[PDB]
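If you read the sequence shown in mature numbering (1 follows the signal peptide of the UniProt record, and there is no 0), its first letter stands for residue 7, the second for the next number, and so on. Beta carbons: idealized from backbone N, C-alpha and C, even for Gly. To keep things clear, I will list the structure first and then write my remarks on it.
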Amino acid sequence: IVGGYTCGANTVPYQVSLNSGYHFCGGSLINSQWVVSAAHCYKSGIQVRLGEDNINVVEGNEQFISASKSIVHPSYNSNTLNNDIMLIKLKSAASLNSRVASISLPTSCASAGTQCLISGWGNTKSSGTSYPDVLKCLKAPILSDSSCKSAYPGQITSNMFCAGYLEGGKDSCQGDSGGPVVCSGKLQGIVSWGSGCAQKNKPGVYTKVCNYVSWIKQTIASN
Ligand SMILES: NC(=[NH2+])c1ccc2nc(-c3ccccc3O)[nH]c2c1
Ligand SMILES: [Ca+2]
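Written out as structure tokens, the structure is:
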């Protein structure tokens, strides 16, 4: 996250870290045995880490659980990142309390102007790299579809939305992919892509979760 603030330990209780020997993507806990992330974060041998604040120090609230299966969206296109969403089922259910809790899926799609909370352990610099060990947060608004398509002509589909600042300085970044965009207590987006990070007129682009609720619910119900 570039230009964000330190969230504070376990203040984002649905945030997970996907680990394959190291943190490589974020994710959101949607129930005690399922995590939603970005399809471009897919790989085999994923261990889901819940209750994390400092990903390099075991502080006491962590739950490390392996994935039993991953399901990438049937229409995911890795060249355009359209339908960039995946589901991960945990080998055992996590123990939910105040520091590890699931986030609700939305009943309605959020509108431009909505302020949301984006979080992750991604790079905090726009030029250069500095990866933080504790969770960073950013409050940002969803932008109009007009501003979004104008910033990325020919690349935005109906399954994506932009959120951020056209002025730059604040954005999600590499290492934040797969994480949550929560607006009014509902998971409305998944950190998906951007052109660099925090650059002027290049806001972050997110998977529009409201368009996948039926698929998520039907998938969980049968697996
Ligand atoms: N600017 C942004 N909002 C952004 C967000 C997530 C990203 N994730 C990446 C990324 C880059 C290389 C490999 C995987 C990634 O998720 N770039 C990203 C950029
Ligand atoms: Ca830790």
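Quiz prompt | Inside the region 124 to 151 only - beta strand (DSSP E) runs reaching at least 3 residues | solution = With a minimum length of 3 residues, the continuous beta strand (DSSP E) runs that stay inside the region 124 to 151 are 142 to 147.
Quiz prompt | Candidates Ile226, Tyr218, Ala227, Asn229: closest to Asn89 by CA position | solution = Locating residue 89 in the sequence shown gives position 83, counting from the first residue. When only C-alpha atoms are compared, the closest one is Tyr218.
Quiz item: With distances taken from CA atoms, which of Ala146, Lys214, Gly175 is nearest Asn165?
Solution: The residue given as residue 165 occupies position 159 in the sequence shown. Closest option to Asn165, Cα to Cα, is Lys214.
Self-check item: Under the three-state DSSP convention, the category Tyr28 falls into
Solution: The residue you call residue 28 lines up with position 22 of the sequence shown. Three-state result, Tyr28: coil.
Self-check item: Per-residue burial, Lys145 [other beta carbons within 10 Å of its own, 16 or more giving buried]
Solution: For the purposes of this step, residue 145 is taken as residue 139 along the sequence shown, with counting starting at 1. That one is exposed.
Self-check item: Inter-residue spacing [alpha-carbon to alpha-carbon] between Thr12 and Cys143
Solution: Locating residue 12 in the sequence shown gives position 6, counting from the first residue. Locating residue 143 in the sequence shown gives position 137, counting from the first residue. One Cα belongs to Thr12, the other to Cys143, and the distance between them is close to 6 Å.
Quiz item: Quick one, are the C-beta atoms of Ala99 and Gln21 less than 8 Å apart?
Solution: Against the sequence shown, residue 99 aligns to sequence position 93. Against the sequence shown, residue 21 aligns to sequence position 15. At least 8 Å separates the beta-carbon of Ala99 from that of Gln21.
Quiz item: Whose CA, out of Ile36, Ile91, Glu58, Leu24, lies closest to the CA of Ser198?
Solution: Here residue 198 refers to the residue found at position 192 when the sequence shown is read from its first residue. Nearest in C-alpha terms to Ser198, of all of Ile36, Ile91, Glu58, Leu24, is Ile91.
Practice problem: May I ask which residues mark the beginning and end of the alpha helix (DSSP H) holding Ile77? | Solution: To locate residue 77, count along the sequence shown from 1; it is residue 71. If you look at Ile77, you'll find it isn't in any alpha helix (DSSP H); it sits in the beta strand (DSSP E) that goes 69 to 78.
Practice problem: Compute every distance between the C-beta of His29 and the non-hydrogen atoms of ligand 1, then say whether any falls below 7 Å. | Solution: On the sequence shown, residue 29 is found 23 positions in, with the first residue counted as 1. Checking the 7 Å criterion, the Cβ of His29 is out of range of every heavy atom belonging to ligand 1.
Exercise. Give the range of the beta strand (DSSP E) segment to which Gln53 is assigned.
Key: In the sequence shown, counting from the first residue as 1, residue 53 sits at position 47. Boundaries of the beta strand (DSSP E) harbouring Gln53: 53 to 56, taken from the DSSP string.
Practice problem: Quick one: residues in its chain with C-beta nearer than 8 Å to the C-beta of residue 230, no 5 flanking neighbours on either side, listed in chain order? | Solution: This structure cannot settle anything about residue 230, because the visible part of the chain is limited to 7 through 229.
Quiz item: At what residues does the beta strand (DSSP E) containing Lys95 begin and finish?
Solution: On the sequence shown, position 89 is the one that residue 95 refers to. From DSSP, the beta strand (DSSP E) with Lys95 extends over 92 to 96.
Quiz prompt | N- and C-terminal bounds of the beta strand (DSSP E) containing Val41 | solution = Working through the sequence shown from its first residue, we reach residue 41 at position 35. Per DSSP, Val41 belongs to the beta strand (DSSP E) from 40 to 43.
Exercise. Would you list the residues sitting across from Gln121 in a DSSP beta bridge?
Key: Taking the first residue of the sequence shown as 1, we reach residue 121 at position 115. DSSP lists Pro147 as partners of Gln121.
Practice problem: Kindly list the residues whose CB is nearer than 8 Å to the CB of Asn67, restricted to its own chain and excluding five residues on each side of it in sequence; keep chain order. | Solution: Counting from one through the sequence shown, the residue named residue 67 turns up at place 61. Excluding positions up to five away in sequence, the list reads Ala15, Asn16, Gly57, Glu58, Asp59, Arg105, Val106.
Quiz item: So, helix, strand or coil for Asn88, using DSSP?
Solution: For the purposes of this step, residue 88 is identified with residue 82 of the sequence shown, where counting begins at 1. It is a strand residue.
Quiz item: Considering only residues of the same chain and omitting the five flanking positions on each side of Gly175, which have a CB-CB separation below 6 Å?
Solution: Position 169 of the sequence shown, counted from the first residue, corresponds to residue 175. Counting only Cβ-Cβ distances below 6 Å, and skipping sequence neighbours, we find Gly9, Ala204.
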